[PDB]
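# Commentary on secondary and tertiary structure
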Amino acid sequence: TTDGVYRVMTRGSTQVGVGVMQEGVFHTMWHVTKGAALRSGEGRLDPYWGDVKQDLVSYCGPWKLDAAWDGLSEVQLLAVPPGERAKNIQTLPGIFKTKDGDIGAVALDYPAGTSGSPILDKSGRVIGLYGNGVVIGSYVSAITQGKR
Amino acid sequence: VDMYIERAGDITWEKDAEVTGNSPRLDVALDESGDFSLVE
């Protein structure tokens, strides 16, 4: 329940992804859990909202993250790769240009178990999650943010 | 299948973070299955 970034594990054990706990809601990407219930301690986190097109899912309540990239500043990926300590990677995002507007995108390539790691602005607010993107051989992840 | 979570740290901006990566500008399309694809 505590605020923070979390690893998403499955059972040996394997880290399949990452998520963000904020205001009592766990946020991660749909392709990490497919909406399956999550265990935390002796408790169970049930899914509340999910959307395959946005590739997002929230547990225990509605999506709470609403900060956005300002389009000009450097951001930081708080990557939590499997078997490694949480680390911040600063970068200047590129841009996914779509017919429905522009989306920030980071040209950083980390192991698949890092999907769901938060991207932060300078104030420390989560502006999106890492792990849905395109290949240009170099992988580029959209900064995926939900709607609160 | 036992899916569970473990806390890995605080959500915090770090001043001594490693800095890398470029900033490509790309035309993409997003389909109904959440997959982005390149567009020409």
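Residues numbered from 1 in each chain as written, not as in the entry; some residues may be left out. Chains lettered and ligands numbered in written order. Heavy atoms only, no water.

The deposited coordinates for this entry were obtained by X-ray crystallography, with a reported resolution of 1.57 Å.

Going by what the PDB entry lists, chain B is known as NS2B co-factor and is assigned to Zika virus.

Named according to the PDB entry, chain A is NS3 protease originating from Zika virus.

So, about the UniProt feature "active site" (unreviewed entry) in chain A. Residue and element names in this part refer to chain A. Under the UniProt annotation, the feature "active site" (unreviewed entry) is placed at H31, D55 and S115. These annotated residues cover 85 residues of sequence, but their C-alpha atoms sit close together, with the largest distance between any two at 10.9 Å. Take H31: it is sitting in helix α1 (residues 30-33). Note on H31: relative accessible area 31%, which makes it partly exposed. With residues up to four places along the chain from it excluded, the contact list for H31 reads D55, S115 and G131. You can see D55 is positioned in the loop between β6 (47-51) and β7 (56-59). (UniProt positions renumbered as here; feature names shortened; annotations may be inferred. Helix = DSSP H or I, 4+ residues; strand = E, 2+ residues; numbered from the N terminus. Buried < 20%, exposed > 50% of the residue type's maximum accessible area, 1.4 Å probe, protein only. Contact = heavy atoms within 4.5 Å.)

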